file input.cif (mmCIF, C-alpha atoms (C1' of nucleotides))
data_work
loop_
_atom_site.label_atom_id
_atom_site.label_comp_id
_atom_site.auth_asym_id
_atom_site.auth_seq_id
_atom_site.Cartn_x
_atom_site.Cartn_y
_atom_site.Cartn_z
CA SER A 1077 0.00 0.00 0.00
CA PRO A 1078 1.12 3.60 -0.66
CA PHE A 1079 0.89 4.20 3.09
CA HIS A 1080 0.56 2.35 6.39
CA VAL A 1081 0.35 5.31 8.80
CA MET A 1082 -1.03 8.79 8.14
CA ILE A 1083 0.09 11.86 10.12
CA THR A 1084 -2.14 14.93 10.20
CA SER A 1085 -3.04 18.13 12.04
CA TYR A 1086 -5.91 18.56 14.52
CA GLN A 1087 -6.86 21.34 12.09
CA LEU A 1088 -7.23 19.19 8.98
CA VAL A 1089 -9.39 16.43 10.47
CA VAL A 1090 -12.04 19.06 11.21
CA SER A 1091 -11.52 20.96 7.94
CA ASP A 1092 -11.38 17.95 5.58
CA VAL A 1093 -14.01 16.15 7.67
CA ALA A 1094 -16.14 15.17 4.64
CA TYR A 1095 -13.10 13.29 3.28
CA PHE A 1096 -12.23 11.79 6.67
CA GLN A 1097 -15.72 10.47 6.82
CA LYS A 1098 -16.04 7.98 3.93
CA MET A 1099 -12.88 6.29 5.28
CA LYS A 1100 -12.21 3.56 7.83
CA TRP A 1101 -9.22 3.23 10.17
CA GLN A 1102 -7.61 0.19 11.77
CA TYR A 1103 -6.01 2.22 14.61
CA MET A 1104 -5.90 5.85 15.70
CA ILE A 1105 -3.52 7.93 17.82
CA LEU A 1106 -4.46 11.29 19.22
CA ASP A 1107 -0.99 12.55 19.92
CA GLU A 1108 -1.62 15.15 22.62
CA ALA A 1109 -5.21 14.36 23.52
CA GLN A 1110 -5.62 17.29 25.93
CA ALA A 1111 -6.57 18.94 22.63
CA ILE A 1112 -9.85 16.93 22.84
CA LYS A 1113 -10.85 17.86 26.41
CA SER A 1114 -13.64 20.30 25.42
CA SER A 1115 -16.70 18.27 24.39
CA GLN A 1116 -18.04 21.47 22.79
CA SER A 1117 -15.01 21.55 20.48
CA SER A 1118 -15.62 20.58 16.87
CA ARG A 1119 -12.42 18.52 17.00
CA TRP A 1120 -14.13 16.50 19.74
CA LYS A 1121 -17.38 16.06 17.78
CA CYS A 1122 -15.57 15.14 14.55
CA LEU A 1123 -12.80 12.79 15.73
CA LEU A 1124 -15.41 11.03 17.90
CA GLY A 1125 -17.26 10.05 14.70
CA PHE A 1126 -14.25 8.62 12.84
CA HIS A 1127 -14.93 4.93 12.19
CA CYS A 1128 -11.92 3.39 13.96
CA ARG A 1129 -11.55 -0.15 15.28
CA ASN A 1130 -9.34 0.77 18.25
CA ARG A 1131 -8.30 4.17 19.60
CA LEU A 1132 -5.46 5.47 21.79
CA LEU A 1133 -4.97 8.81 23.53
CA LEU A 1134 -1.54 10.17 24.39
CA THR A 1135 -1.26 12.82 27.09
"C1'" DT B 1 -2.90 39.72 -68.97
"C1'" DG B 2 1.30 37.82 -65.77
"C1'" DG B 3 3.98 37.41 -62.30
"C1'" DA B 4 6.22 37.35 -58.29
"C1'" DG B 5 5.55 36.86 -53.17
"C1'" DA B 6 3.32 37.54 -49.51
"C1'" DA B 7 -0.79 35.99 -46.79
"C1'" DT B 8 -4.50 32.64 -45.96
"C1'" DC B 9 -5.73 27.86 -45.99
"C1'" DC B 10 -5.46 22.67 -45.33
"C1'" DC B 11 -3.85 18.51 -44.34
"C1'" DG B 12 -2.04 15.35 -40.91
"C1'" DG B 13 0.39 14.88 -36.29
"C1'" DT B 14 0.92 15.82 -31.22
"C1'" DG B 15 -0.79 16.35 -26.36
"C1'" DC B 16 -3.20 18.17 -22.68
"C1'" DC B 17 -6.98 19.37 -20.06
"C1'" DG B 18 -11.42 19.81 -19.60
"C1'" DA B 19 -16.09 17.48 -20.91
"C1'" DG B 20 -19.01 13.59 -19.85
"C1'" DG B 21 -20.18 9.84 -16.77
"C1'" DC B 22 -19.87 7.48 -12.21
"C1'" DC B 23 -20.33 7.49 -7.11
"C1'" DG B 24 -21.98 8.75 -2.31
"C1'" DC B 25 -25.43 11.44 0.30
"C1'" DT B 26 -28.16 15.33 1.73
"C1'" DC B 27 -31.38 17.85 1.89
"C1'" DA B 28 -34.77 19.88 -0.84
"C1'" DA B 29 -38.84 18.21 -3.46
"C1'" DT B 30 -42.68 15.30 -2.78
"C1'" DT B 31 -46.82 12.95 -0.24
"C1'" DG B 32 -50.60 13.71 3.04
"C1'" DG B 33 -53.76 16.51 5.76
"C1'" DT B 34 -55.16 20.77 7.73
"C1'" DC B 35 -57.63 25.66 7.43
"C1'" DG B 36 -58.19 30.36 6.06
"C1'" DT B 37 -59.24 33.15 2.90
"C1'" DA B 38 -59.49 35.62 -1.53
"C1'" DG B 39 -61.06 36.03 -5.84
"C1'" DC B 40 -64.64 33.63 -8.59
"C1'" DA B 41 -69.26 34.29 -9.35
"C1'" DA B 42 -73.99 36.83 -9.38
"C1'" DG B 43 -75.93 41.26 -8.91
"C1'" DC B 44 -76.71 46.45 -8.77
"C1'" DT B 45 -75.22 51.14 -9.80
"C1'" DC B 46 -74.28 55.17 -13.18
"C1'" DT B 47 -69.96 56.56 -15.17
"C1'" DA B 48 -68.29 57.68 -19.53
"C1'" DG B 49 -67.57 55.81 -23.99
"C1'" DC B 50 -69.54 55.95 -28.61
"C1'" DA B 51 -72.70 57.83 -32.05
"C1'" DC B 52 -74.92 61.62 -34.51
"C1'" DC B 53 -76.08 66.53 -35.93
"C1'" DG B 54 -74.91 71.46 -37.21
"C1'" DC B 55 -71.86 75.44 -37.28
"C1'" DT B 56 -67.43 78.00 -37.43
"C1'" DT B 57 -62.70 79.14 -39.17
"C1'" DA B 58 -58.47 77.85 -38.55
"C1'" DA B 59 -55.56 74.32 -40.64
"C1'" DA B 60 -54.38 71.62 -44.99
"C1'" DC B 61 -53.66 71.61 -50.13
"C1'" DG B 62 -52.45 72.74 -54.90
"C1'" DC B 63 -49.75 75.97 -57.45
"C1'" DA B 64 -46.40 79.85 -58.95
"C1'" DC B 65 -41.58 80.91 -58.75
"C1'" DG B 66 -37.64 82.53 -56.97
"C1'" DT B 67 -32.69 81.42 -54.88
"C1'" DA B 68 -30.60 79.02 -51.30
"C1'" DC B 69 -28.21 74.79 -50.89
"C1'" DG B 70 -27.09 69.77 -52.09
"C1'" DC B 71 -23.82 67.49 -55.00
"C1'" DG B 72 -20.33 66.16 -58.39
"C1'" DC B 73 -15.98 68.10 -59.81
"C1'" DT B 74 -11.11 69.81 -59.30
"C1'" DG B 75 -6.72 70.64 -56.82
"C1'" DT B 76 -3.58 70.14 -52.81
"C1'" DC B 77 -1.44 68.93 -49.20
"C1'" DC B 78 -0.93 66.87 -44.89
"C1'" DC B 79 -1.35 63.14 -42.20
"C1'" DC B 80 -2.45 58.81 -41.28
"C1'" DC B 81 -0.88 53.84 -43.17
"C1'" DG B 82 2.40 49.95 -44.26
"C1'" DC B 83 6.99 48.30 -43.02
"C1'" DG B 84 11.75 47.94 -40.69
"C1'" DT B 85 14.08 49.14 -36.44
"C1'" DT B 86 14.59 49.70 -31.41
"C1'" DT B 87 13.14 48.83 -26.54
"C1'" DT B 88 10.21 48.07 -22.80
"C1'" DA B 89 6.97 45.93 -20.07
"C1'" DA B 90 3.50 42.15 -20.21
"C1'" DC B 91 3.58 37.54 -19.02
"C1'" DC B 92 5.02 33.68 -16.23
"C1'" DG B 93 6.77 31.31 -11.99
"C1'" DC B 94 7.99 31.16 -7.73
"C1'" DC B 95 8.26 32.90 -2.85
"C1'" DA B 96 6.40 36.21 1.01
"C1'" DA B 97 3.17 38.19 3.72
"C1'" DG B 98 -0.61 39.37 6.07
"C1'" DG B 99 -5.15 39.28 7.11
"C1'" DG B 100 -9.18 37.59 8.40
"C1'" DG B 101 -12.31 34.50 9.76
"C1'" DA B 102 -13.38 30.39 12.28
"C1'" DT B 103 -12.05 27.80 16.35
"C1'" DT B 104 -10.39 26.80 21.02
"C1'" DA B 105 -8.81 28.00 25.69
"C1'" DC B 106 -9.50 29.94 30.17
"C1'" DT B 107 -11.62 33.39 33.63
"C1'" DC B 108 -14.78 36.02 35.58
"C1'" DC B 109 -19.32 37.00 36.44
"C1'" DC B 110 -23.87 35.85 37.19
#
call {"tool": "encode", "arguments": {"input": "input.cif", "output": "structure tokens"}}
result
Amino acid sequence: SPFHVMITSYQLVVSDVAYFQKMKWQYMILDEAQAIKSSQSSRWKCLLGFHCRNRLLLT
DNA sequence: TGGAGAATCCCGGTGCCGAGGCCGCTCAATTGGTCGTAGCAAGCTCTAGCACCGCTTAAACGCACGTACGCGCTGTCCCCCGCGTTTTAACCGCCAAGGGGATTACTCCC
């Protein structure tokens, strides 16, 4: 495959959300998950909805 | 009439990018029922639109006839065109910036 892991910004996942939906992930890292701590944040609402089989938070 | 040569066309080849079709999904068009009302219908009023007559005289017409002006002609000259030279700035590409608008954090105030 042309990739195994994909690195991206907390900014792009909310901006390109319509492309991030329509995709399915085997594993996900959130690399400094204190970015997610506001449940009112769009980056909480969006990354929550990413179809991912197992998820990990780093903090 | 010919001719030379420039300018316009045509024929086939190359390639690139945008036109035409496929895919996922949202959300805007459709199905179903409600309820208010407006404008469709029947009816009365009398406005004002159309028709006719008779008179008046100003406005329209046919004609005479003069001369003012439209038009083809002639001459010139100046200034705008066709072509070669010189030069400048439009186009392209690539990097910078900044700005602004949406988002996210954290506190104070209610």
call {"tool": "closest_residue", "arguments": {"input": "input.cif", "among": "B:23, B:35, B:6, B:85", "to": "chain A", "atoms": "only C-alpha atoms (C1' of nucleotides)"}}
result
B:23
call {"tool": "resolve_selection", "arguments": {"input": "input.cif", "expression": "the PyMOL selection byres ((chain B) within 9 of (chain A))", "output": "number ranges by chain"}}
result
B: 24, 103-104
call {"tool": "write_last_selection", "arguments": {"input": "input.cif", "atoms": "C-alpha atoms (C1' of nucleotides)", "output": "mmCIF file, keeping the file's coordinate frame"}}
result
data_model
loop_
_atom_site.group_PDB
_atom_site.id
_atom_site.type_symbol
_atom_site.label_atom_id
_atom_site.label_comp_id
_atom_site.auth_asym_id
_atom_site.auth_seq_id
_atom_site.Cartn_x
_atom_site.Cartn_y
_atom_site.Cartn_z
ATOM 1 C "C1'" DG B 24 -21.980 8.750 -2.310
ATOM 2 C "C1'" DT B 103 -12.050 27.800 16.350
ATOM 3 C "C1'" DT B 104 -10.390 26.800 21.020
#
call {"tool": "resolve_selection", "arguments": {"input": "input.cif", "expression": "the PyMOL selection byres ((chain A and resi 1096) around 12)", "output": "PyMOL selection string"}}
result
chain A and resi 1082+1084+1088-1095+1097-1101+1122-1128
call {"tool": "resolve_selection", "arguments": {"input": "input.cif", "expression": "the PyMOL selection byres ((chain A and resi 1132) around 7)", "output": "MDAnalysis selection string"}}
result
chainID A and resid 1104:1106 1131 1133:1134
